[PDB]
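Peer 1: Structure: work-v8.csv, CSV, C-alpha atoms.
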chain,number,residue,atom,x,y,z
A,1,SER,CA,38.1,32.8,-44.2
A,2,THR,CA,35.5,34.0,-41.8
A,3,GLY,CA,32.7,32.7,-39.7
A,4,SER,CA,29.6,34.1,-37.8
A,5,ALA,CA,28.0,31.9,-35.2
A,6,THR,CA,24.7,32.7,-33.4
A,7,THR,CA,25.1,32.6,-29.5
A,8,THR,CA,21.8,32.1,-27.8
A,9,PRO,CA,21.4,32.6,-23.9
A,10,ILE,CA,20.7,29.5,-21.8
A,11,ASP,CA,18.4,31.2,-19.4
A,12,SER,CA,16.0,34.1,-18.9
A,13,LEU,CA,18.5,36.2,-16.9
A,14,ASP,CA,21.2,35.6,-19.6
A,15,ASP,CA,23.7,34.2,-17.2
A,16,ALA,CA,25.4,32.1,-19.9
A,17,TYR,CA,25.5,31.9,-23.7
A,18,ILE,CA,25.9,28.8,-25.8
A,19,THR,CA,27.2,28.8,-29.5
A,20,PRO,CA,26.8,25.6,-31.6
A,21,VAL,CA,30.1,24.0,-32.7
A,22,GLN,CA,30.8,21.1,-35.1
A,23,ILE,CA,33.5,18.7,-34.1
A,24,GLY,CA,34.7,15.8,-36.2
A,25,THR,CA,33.9,13.9,-39.3
A,26,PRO,CA,31.5,13.6,-39.8
A,27,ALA,CA,30.0,16.4,-37.7
A,28,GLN,CA,28.9,16.3,-34.1
A,29,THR,CA,27.4,19.6,-33.1
A,30,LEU,CA,27.9,20.4,-29.3
A,31,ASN,CA,26.8,23.7,-27.7
A,32,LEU,CA,29.8,25.3,-26.0
A,33,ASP,CA,30.2,28.3,-23.6
A,34,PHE,CA,32.8,30.6,-25.4
A,35,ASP,CA,35.1,31.8,-22.6
A,36,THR,CA,37.6,34.6,-23.3
A,37,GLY,CA,38.9,34.2,-19.8
A,38,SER,CA,40.1,30.7,-20.4
A,39,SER,CA,42.1,28.9,-23.0
A,40,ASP,CA,40.8,25.3,-23.1
A,41,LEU,CA,38.5,23.7,-25.7
A,42,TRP,CA,36.9,21.0,-23.6
A,43,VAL,CA,33.8,19.0,-24.1
A,44,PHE,CA,31.5,16.4,-22.5
A,45,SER,CA,32.5,13.1,-24.1
A,46,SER,CA,32.1,9.4,-24.1
A,47,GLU,CA,35.1,8.9,-21.7
A,48,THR,CA,33.2,11.2,-19.1
A,49,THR,CA,31.9,9.4,-16.0
A,50,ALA,CA,28.3,8.2,-16.4
A,51,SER,CA,27.2,9.6,-13.0
A,52,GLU,CA,28.6,12.9,-14.2
A,53,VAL,CA,26.6,13.4,-17.4
A,54,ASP,CA,23.0,14.3,-16.8
A,55,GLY,CA,21.4,15.3,-20.1
A,56,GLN,CA,24.4,16.8,-22.0
A,57,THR,CA,25.3,16.1,-25.6
A,58,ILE,CA,28.4,14.1,-25.8
A,59,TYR,CA,31.2,14.1,-28.3
A,60,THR,CA,31.9,10.4,-29.2
A,61,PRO,CA,35.4,10.4,-30.6
A,62,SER,CA,35.5,6.8,-31.8
A,63,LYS,CA,32.9,7.8,-34.4
A,64,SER,CA,34.9,10.8,-35.8
A,65,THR,CA,37.2,9.8,-38.6
A,66,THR,CA,39.4,12.9,-38.2
A,67,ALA,CA,39.8,11.8,-34.6
A,68,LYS,CA,43.1,10.8,-33.1
A,69,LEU,CA,44.5,10.4,-29.5
A,70,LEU,CA,47.2,12.7,-28.3
A,71,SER,CA,49.0,10.1,-26.2
A,72,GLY,CA,50.3,10.7,-22.7
A,73,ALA,CA,48.5,14.1,-23.1
A,74,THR,CA,46.4,15.2,-20.2
A,75,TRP,CA,44.3,18.3,-19.1
A,76,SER,CA,43.2,19.7,-15.7
A,77,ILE,CA,41.4,23.1,-15.2
A,78,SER,CA,39.9,25.0,-12.3
A,79,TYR,CA,37.7,28.1,-12.6
A,80,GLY,CA,37.2,31.2,-10.5
A,81,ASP,CA,34.3,29.7,-8.6
A,82,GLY,CA,35.4,26.2,-7.5
A,83,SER,CA,34.7,24.7,-10.9
A,84,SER,CA,36.5,21.6,-12.1
A,85,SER,CA,37.1,19.6,-15.3
A,86,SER,CA,39.6,17.1,-16.6
A,87,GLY,CA,40.6,14.1,-18.7
A,88,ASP,CA,42.5,13.4,-21.9
A,89,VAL,CA,42.9,15.1,-25.2
A,90,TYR,CA,42.1,14.4,-28.8
A,91,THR,CA,43.0,16.0,-32.1
A,92,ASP,CA,40.2,16.7,-34.6
A,93,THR,CA,38.3,19.2,-36.9
A,94,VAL,CA,36.3,22.1,-35.3
A,95,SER,CA,34.0,24.4,-37.4
A,96,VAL,CA,32.5,27.4,-35.8
A,97,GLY,CA,30.1,29.3,-38.1
A,98,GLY,CA,31.6,27.8,-41.2
A,99,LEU,CA,35.2,28.6,-40.1
A,100,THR,CA,37.0,25.3,-40.3
A,101,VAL,CA,40.1,24.5,-38.2
A,102,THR,CA,41.9,21.2,-38.5
A,103,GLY,CA,43.7,19.2,-36.0
A,104,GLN,CA,42.6,21.4,-33.2
A,105,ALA,CA,43.1,20.0,-29.7
A,106,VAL,CA,39.8,18.9,-28.3
A,107,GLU,CA,40.1,18.0,-24.6
A,108,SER,CA,37.8,15.2,-23.8
A,109,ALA,CA,36.6,15.2,-20.1
A,110,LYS,CA,37.0,12.2,-18.0
A,111,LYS,CA,36.0,13.9,-14.8
A,112,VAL,CA,33.7,17.0,-14.5
A,113,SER,CA,32.6,18.9,-11.4
A,114,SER,CA,29.0,19.0,-9.9
A,115,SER,CA,28.3,22.4,-11.3
A,116,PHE,CA,29.0,21.4,-15.0
A,117,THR,CA,26.7,18.4,-14.5
A,118,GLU,CA,23.8,20.6,-13.1
A,119,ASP,CA,24.3,22.6,-16.3
A,120,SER,CA,22.6,20.6,-19.0
A,121,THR,CA,22.5,23.3,-21.7
A,122,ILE,CA,26.3,23.4,-21.9
A,123,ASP,CA,28.3,20.6,-23.6
A,124,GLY,CA,31.8,22.1,-23.0
A,125,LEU,CA,33.9,25.3,-23.1
A,126,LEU,CA,35.7,27.2,-25.9
A,127,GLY,CA,38.7,29.2,-24.7
A,128,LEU,CA,39.2,32.5,-26.5
A,129,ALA,CA,41.7,33.8,-24.0
A,130,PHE,CA,45.5,33.7,-24.7
A,131,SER,CA,47.3,30.4,-25.2
A,132,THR,CA,49.8,30.6,-22.4
A,133,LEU,CA,46.8,29.7,-20.3
A,134,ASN,CA,46.2,26.3,-21.9
A,135,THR,CA,46.4,23.5,-19.5
A,136,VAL,CA,47.4,20.5,-21.6
A,137,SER,CA,50.5,18.4,-20.6
A,138,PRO,CA,53.0,17.8,-21.0
A,139,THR,CA,52.7,19.5,-24.5
A,140,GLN,CA,50.6,22.8,-24.4
A,141,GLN,CA,48.1,23.3,-27.1
A,142,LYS,CA,46.6,26.5,-28.6
A,143,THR,CA,43.1,28.0,-28.8
A,144,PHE,CA,40.7,28.0,-31.8
A,145,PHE,CA,41.2,31.6,-32.4
A,146,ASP,CA,45.0,31.0,-32.5
A,147,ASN,CA,44.7,28.0,-34.9
A,148,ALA,CA,42.3,30.0,-37.2
A,149,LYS,CA,44.1,33.3,-36.8
A,150,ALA,CA,46.4,33.0,-39.7
A,151,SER,CA,43.7,31.9,-42.1
A,152,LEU,CA,41.3,34.6,-41.2
A,153,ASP,CA,40.7,38.0,-43.2
A,154,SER,CA,41.5,40.1,-40.1
A,155,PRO,CA,42.9,38.4,-37.0
A,156,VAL,CA,40.1,39.5,-34.8
A,157,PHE,CA,36.8,38.3,-33.3
A,158,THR,CA,33.8,40.2,-32.2
A,159,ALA,CA,31.5,39.8,-29.3
A,160,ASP,CA,28.0,41.0,-29.7
A,161,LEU,CA,25.9,39.4,-26.9
A,162,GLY,CA,22.2,40.3,-26.6
A,163,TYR,CA,20.1,41.4,-23.7
A,164,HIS,CA,17.4,38.6,-23.4
A,165,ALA,CA,17.9,37.6,-27.0
A,166,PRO,CA,20.6,35.9,-29.0
A,167,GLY,CA,23.7,37.5,-30.4
A,168,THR,CA,26.6,36.8,-32.7
A,169,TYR,CA,30.3,35.8,-32.6
A,170,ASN,CA,32.1,36.8,-35.8
A,171,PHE,CA,35.6,35.5,-36.6
A,172,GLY,CA,37.6,37.3,-39.3
A,173,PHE,CA,35.8,40.6,-39.6
A,174,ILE,CA,34.0,43.7,-38.2
A,175,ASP,CA,30.3,43.8,-39.0
A,176,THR,CA,29.9,47.6,-39.4
A,177,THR,CA,26.1,47.2,-39.4
A,178,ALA,CA,26.2,45.9,-35.9
A,179,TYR,CA,27.1,49.1,-34.1
A,180,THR,CA,26.5,52.9,-33.7
A,181,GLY,CA,29.2,55.6,-34.1
A,182,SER,CA,32.9,54.8,-33.7
A,183,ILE,CA,34.8,51.9,-32.1
A,184,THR,CA,37.3,53.0,-29.5
A,185,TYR,CA,40.2,50.6,-29.2
A,186,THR,CA,42.2,50.5,-26.0
A,187,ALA,CA,45.6,48.9,-25.2
A,188,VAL,CA,45.7,45.3,-23.9
A,189,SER,CA,48.2,43.7,-21.5
A,190,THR,CA,48.7,40.1,-22.4
A,191,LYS,CA,51.2,39.2,-19.7
A,192,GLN,CA,48.9,37.1,-17.5
A,193,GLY,CA,47.3,35.8,-20.7
A,194,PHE,CA,43.9,37.5,-20.2
A,195,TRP,CA,42.1,40.1,-22.3
A,196,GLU,CA,43.2,42.6,-19.7
A,197,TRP,CA,42.6,46.4,-20.1
A,198,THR,CA,42.3,49.6,-18.3
A,199,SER,CA,39.1,51.5,-17.6
A,200,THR,CA,39.2,55.2,-17.5
A,201,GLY,CA,36.4,55.9,-14.9
A,202,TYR,CA,32.8,55.4,-13.9
A,203,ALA,CA,29.5,57.2,-13.7
A,204,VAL,CA,26.4,56.0,-11.8
A,205,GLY,CA,23.1,57.1,-13.4
A,206,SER,CA,23.0,60.8,-14.2
A,207,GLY,CA,25.9,61.7,-11.9
A,208,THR,CA,29.3,63.0,-12.5
A,209,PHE,CA,32.1,60.9,-14.0
A,210,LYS,CA,34.9,59.6,-11.8
A,211,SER,CA,38.4,59.6,-13.4
A,212,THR,CA,40.0,56.5,-11.6
A,213,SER,CA,41.7,53.7,-13.5
A,214,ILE,CA,40.1,50.2,-13.2
A,215,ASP,CA,42.2,47.3,-14.4
A,216,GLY,CA,40.0,44.5,-15.6
A,217,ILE,CA,39.6,41.5,-17.9
A,218,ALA,CA,37.0,41.0,-20.6
A,219,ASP,CA,35.5,37.6,-19.7
A,220,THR,CA,32.4,36.4,-21.5
A,221,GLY,CA,32.8,33.5,-19.2
A,222,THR,CA,31.6,35.5,-16.2
A,223,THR,CA,27.9,36.6,-15.8
A,224,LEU,CA,28.3,39.7,-13.7
A,225,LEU,CA,30.3,42.9,-13.4
A,226,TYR,CA,33.1,42.5,-10.7
A,227,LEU,CA,34.4,46.0,-9.7
A,228,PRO,CA,36.4,47.3,-6.8
A,229,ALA,CA,34.6,47.8,-3.5
A,230,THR,CA,34.5,51.7,-3.5
A,231,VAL,CA,33.0,51.8,-7.0
A,232,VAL,CA,30.5,49.1,-6.3
A,233,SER,CA,29.4,50.7,-3.1
A,234,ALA,CA,29.0,54.2,-4.8
A,235,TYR,CA,26.6,52.3,-7.0
A,236,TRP,CA,24.4,50.6,-4.5
A,237,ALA,CA,23.9,53.7,-2.2
A,238,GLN,CA,21.9,55.1,-5.2
A,239,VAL,CA,19.5,52.3,-4.8
A,240,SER,CA,17.3,52.6,-1.7
A,241,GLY,CA,17.1,49.3,0.3
A,242,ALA,CA,20.1,47.7,-1.2
A,243,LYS,CA,22.5,46.1,1.3
A,244,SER,CA,25.4,43.6,1.3
A,245,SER,CA,24.2,40.2,2.7
A,246,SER,CA,26.6,37.6,4.2
A,247,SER,CA,24.4,34.7,3.3
A,248,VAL,CA,23.6,35.7,-0.2
A,249,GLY,CA,27.2,36.7,-0.6
A,250,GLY,CA,26.6,39.9,-2.4
A,251,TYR,CA,24.5,43.0,-3.1
A,252,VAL,CA,20.8,42.7,-3.1
A,253,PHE,CA,18.1,45.4,-3.6
A,254,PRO,CA,14.3,44.9,-3.4
A,255,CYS,CA,12.8,44.0,-6.7
A,256,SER,CA,10.3,46.9,-7.1
A,257,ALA,CA,13.2,49.4,-7.2
A,258,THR,CA,14.4,51.3,-10.2
A,259,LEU,CA,18.0,50.3,-11.0
A,260,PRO,CA,20.1,53.1,-12.3
A,261,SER,CA,22.6,52.8,-15.1
A,262,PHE,CA,26.3,52.1,-14.9
A,263,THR,CA,28.7,54.1,-17.1
A,264,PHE,CA,32.3,52.8,-17.7
A,265,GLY,CA,35.2,54.6,-19.5
A,266,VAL,CA,36.8,53.3,-22.8
A,267,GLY,CA,39.6,55.8,-23.5
A,268,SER,CA,37.6,59.1,-24.0
A,269,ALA,CA,34.4,57.1,-24.8
A,270,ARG,CA,31.4,56.1,-22.6
A,271,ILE,CA,29.5,52.8,-22.6
A,272,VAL,CA,26.3,53.1,-20.5
A,273,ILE,CA,25.1,49.6,-19.0
A,274,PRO,CA,21.4,50.3,-18.5
A,275,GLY,CA,19.6,49.9,-15.2
A,276,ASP,CA,17.8,46.9,-16.6
A,277,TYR,CA,20.8,44.7,-17.2
A,278,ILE,CA,22.0,44.9,-13.6
A,279,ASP,CA,18.9,43.1,-12.2
A,280,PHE,CA,19.5,39.4,-11.9
A,281,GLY,CA,16.0,38.6,-10.6
A,282,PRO,CA,14.9,37.3,-7.2
A,283,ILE,CA,17.5,35.5,-5.0
A,284,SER,CA,15.2,32.6,-4.4
A,285,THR,CA,11.8,31.9,-6.0
A,286,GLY,CA,9.0,33.8,-4.4
A,287,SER,CA,11.4,36.3,-2.9
A,288,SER,CA,11.1,40.1,-3.0
A,289,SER,CA,14.9,40.5,-2.7
A,290,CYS,CA,16.6,40.6,-6.1
A,291,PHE,CA,20.2,39.8,-7.1
A,292,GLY,CA,22.3,42.7,-8.4
A,293,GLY,CA,24.7,42.4,-11.4
A,294,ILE,CA,27.5,44.8,-10.0
A,295,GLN,CA,29.4,43.0,-7.3
A,296,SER,CA,32.7,43.5,-5.4
A,297,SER,CA,36.1,42.3,-6.8
A,298,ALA,CA,37.6,42.2,-3.3
A,299,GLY,CA,37.4,38.4,-2.7
A,300,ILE,CA,38.8,37.3,-6.2
A,301,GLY,CA,41.7,39.7,-6.5
A,302,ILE,CA,40.9,40.8,-10.1
A,303,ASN,CA,38.2,43.0,-11.7
A,304,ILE,CA,36.0,41.4,-14.4
A,305,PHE,CA,34.0,42.9,-17.1
A,306,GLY,CA,31.6,40.0,-17.5
A,307,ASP,CA,28.4,39.6,-19.6
A,308,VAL,CA,26.6,42.5,-17.9
A,309,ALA,CA,29.0,45.1,-19.3
A,310,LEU,CA,30.1,43.2,-22.4
A,311,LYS,CA,26.5,42.7,-23.6
A,312,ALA,CA,26.1,46.5,-23.4
A,313,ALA,CA,28.7,47.1,-26.2
A,314,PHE,CA,29.9,45.7,-29.5
A,315,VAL,CA,33.2,44.1,-28.6
A,316,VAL,CA,36.3,43.6,-30.8
A,317,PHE,CA,39.1,41.3,-29.7
A,318,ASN,CA,42.0,42.3,-31.9
A,319,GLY,CA,44.3,39.3,-31.9
A,320,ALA,CA,47.1,41.3,-33.8
A,321,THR,CA,50.7,41.3,-32.8
A,322,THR,CA,49.9,44.2,-30.5
A,323,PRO,CA,46.4,43.2,-29.3
A,324,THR,CA,43.7,45.8,-28.6
A,325,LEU,CA,40.2,45.7,-27.3
A,326,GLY,CA,37.6,47.8,-29.0
A,327,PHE,CA,34.1,48.8,-27.7
A,328,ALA,CA,31.4,50.5,-29.6
A,329,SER,CA,27.9,51.5,-28.7
A,330,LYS,CA,24.9,49.5,-30.1
B,1,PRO,CA,19.9,33.1,-10.5
B,2,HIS,CA,22.9,30.8,-11.5
B,3,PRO,CA,25.8,33.2,-12.5
B,4,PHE,CA,29.0,31.9,-14.1
B,5,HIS,CA,32.6,32.6,-13.1
B,6,UNK,CA,34.4,31.0,-16.0
B,7,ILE,CA,40.3,30.5,-15.1
B,8,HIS,CA,41.9,30.0,-11.8
Would you mind writing the file's structure down as structure tokens?
Peer 2:
Amino acid sequence: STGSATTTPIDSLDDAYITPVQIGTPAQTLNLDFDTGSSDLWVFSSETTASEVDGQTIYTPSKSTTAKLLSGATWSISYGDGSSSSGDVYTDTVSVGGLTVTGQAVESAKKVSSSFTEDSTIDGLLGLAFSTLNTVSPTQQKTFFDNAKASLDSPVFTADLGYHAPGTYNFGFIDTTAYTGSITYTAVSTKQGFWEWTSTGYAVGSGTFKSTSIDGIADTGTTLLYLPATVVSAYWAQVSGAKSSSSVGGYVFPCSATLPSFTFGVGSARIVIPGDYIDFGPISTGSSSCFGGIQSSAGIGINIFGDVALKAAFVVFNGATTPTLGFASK
Amino acid sequence: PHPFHXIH
């Protein structure tokens, strides 16, 4: 088996990407945020509070025939920003892209947070992180990828996110048309259950390359590039007028400035994130201050390669016994 | 902008 699904950004500064997913019988197609930095398949449903659904498409589990309660079974997740969701759990059929997966645990939200309700292009989340992270109780479930993994051609899934355009999520195979050159795979540490790897340095614009090791996760779930303070600051001193602001809570630069490119290490390889991707547009509407896409990891305790650096490469998530992360240039 | 920080 295999399956390619089109992910299309929800915004004009690409700050999230939704991929359509079919749940039930017959099919209910909800648009889901594919998060490799969580491990929960949750959705906006019919059991979700009515003051808590704005304009989202809902998954009505009493009109899927493959749909059954997992009783006493209960979920509760919290994200890196505040972000909250929770309820009960169903078992049902999920296709992504044609790849069918049967009795997958679909967690059906009874409470969602304010910031999920504000968010009307996203109907729920699909976790593509490691399964020790799954939050269901008292019996822990697995992710799509882990429920499909055995039935797939190669146990792997690619991220190919576009800059201002849609992209693709492929399950089961490497599309060798989708990239330039070689893919460099590097070693992954699965111990905290993240797509966690080790970056071999950085370059800022045309400058010289720094051999330091940056431990990060691959998280398609995060918009921006969260790197340690020394690295991020070496960055922003190349852009004239950029400061750190304690009421925007991060690095801004005026909009008329030319953003130079960020280079990160993949083994002996180099993936250049062009100047253009790091500009997240003006802070408020009207403003001539613009939000930067390289921000400090200091206040979250972990470094994230988010959508800014991932949407610069073709990404292979090798879900083999000894998992690796592969980046190519595109 | 409305960035995303997808677990805790």
Peer 1: Residues at most 9 Å from residue 81 of chain A, counting only C-alpha atoms, excluding those fewer than 6 positions away in the same chain, as a ChimeraX atom specification?
Peer 2: /B:4-8
Peer 1: Quick one: write out the picked residues with C-alpha atoms as a PDB file, in the frame of the given file?
Peer 2:
ATOM      1  CA  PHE B   4      29.000  31.900 -14.100  1.00  0.00           C
ATOM      2  CA  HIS B   5      32.600  32.600 -13.100  1.00  0.00           C
ATOM      3  CA  UNK B   6      34.400  31.000 -16.000  1.00  0.00           C
ATOM      4  CA  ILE B   7      40.300  30.500 -15.100  1.00  0.00           C
ATOM      5  CA  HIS B   8      41.900  30.000 -11.800  1.00  0.00           C
TER       6      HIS B   8
END
Peer 1: Residues near segment 85-97 of chain A, anyone? I mean within 9 Å using only C-alpha atoms, not counting same-chain ones fewer than 6 positions away, as a PyMOL selection string.
Peer 2: chain A and resi 2-6+19-25+27+42+47-48+61+64-79+103-113+116+136+144+169-171
Peer 1: Residues of chain A within 8 Å of chain B, counting all atoms listed in the file, what are they? List them as a list in words.
Peer 2: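 In the required form, that comes to residues 13, 15, 16, 35, 37, 38, 77, 78, 79, 80, 81, 219, 220, 221, 222, 223, 224, 280, 281, 282, 283, 284 and 291 of chain A.
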Peer 1: Can you work out which one of A:209, A:251, A:194, A:185 has the shortest atom-to-atom distance to residue 316 of chain A, counting all atoms listed in the file?
Peer 2: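 Under the stated criterion, the closest residue is A:185.
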Peer 1: Do a neighbour search on residue 226 of chain A at 6 Å with all atoms listed in the file, toss out local chain neighbours closer than 2 positions, and write the hits as a PyMOL selection string.
Peer 2: chain A and resi 295-297+303-304
Peer 1: In Å, with one decimal, what is the gap from atom CA of residue 146 of chain A to atom CA of residue 124 of chain A?
Peer 2: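 Atom CA of residue 124 of chain A lies at a distance of 18.5 Å from atom CA of residue 146 of chain A.
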Peer 1: Using atom CA of residue 216 of chain A and atom CA of residue 228 of chain A as the two end points, give the distance in Å to one decimal.
Peer 2: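 So the two atoms, atom CA of residue 216 of chain A and atom CA of residue 228 of chain A, lie 9.9 Å apart.
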Peer 1: Atom CA of residue 288 of chain A and atom CA of residue 204 of chain A are how many Å apart?
Peer 2: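 Distance between the two atoms: 23.8 Å.
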Peer 1: Complete the atom set of chain B to N, CA, C and O atoms and return it as a short mmCIF file (atom, residue, chain, number, x, y, z; two decimals), in the frame of the given file.
Peer 2:
data_model
loop_
_atom_site.label_atom_id
_atom_site.label_comp_id
_atom_site.auth_asym_id
_atom_site.auth_seq_id
_atom_site.Cartn_x
_atom_site.Cartn_y
_atom_site.Cartn_z
N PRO B 1 19.12 33.14 -9.22
CA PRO B 1 19.90 33.10 -10.50
C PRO B 1 21.14 32.11 -10.29
O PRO B 1 21.54 31.81 -9.13
N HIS B 2 21.68 31.64 -11.45
CA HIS B 2 22.90 30.80 -11.50
C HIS B 2 24.02 31.47 -12.33
O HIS B 2 24.29 31.10 -13.48
N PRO B 3 24.70 32.50 -11.79
CA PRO B 3 25.80 33.20 -12.50
C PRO B 3 26.88 32.21 -12.84
O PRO B 3 26.81 31.02 -12.39
N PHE B 4 27.85 32.73 -13.58
CA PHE B 4 29.00 31.90 -14.10
C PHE B 4 30.29 32.65 -13.72
O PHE B 4 30.49 33.84 -13.57
N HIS B 5 31.34 31.88 -13.41
CA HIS B 5 32.60 32.60 -13.10
C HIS B 5 33.68 32.10 -13.99
O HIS B 5 34.82 31.97 -13.53
N UNK B 6 33.42 31.78 -15.26
CA UNK B 6 34.40 31.00 -16.00
C UNK B 6 38.26 31.81 -15.39
O UNK B 6 37.66 31.03 -14.64
N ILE B 7 39.53 31.65 -15.68
CA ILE B 7 40.30 30.50 -15.10
C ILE B 7 40.96 30.92 -13.81
O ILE B 7 41.14 32.12 -13.53
N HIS B 8 41.30 29.89 -13.06
CA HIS B 8 41.90 30.00 -11.80
C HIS B 8 43.44 29.88 -11.90
O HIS B 8 44.19 30.86 -11.93
#
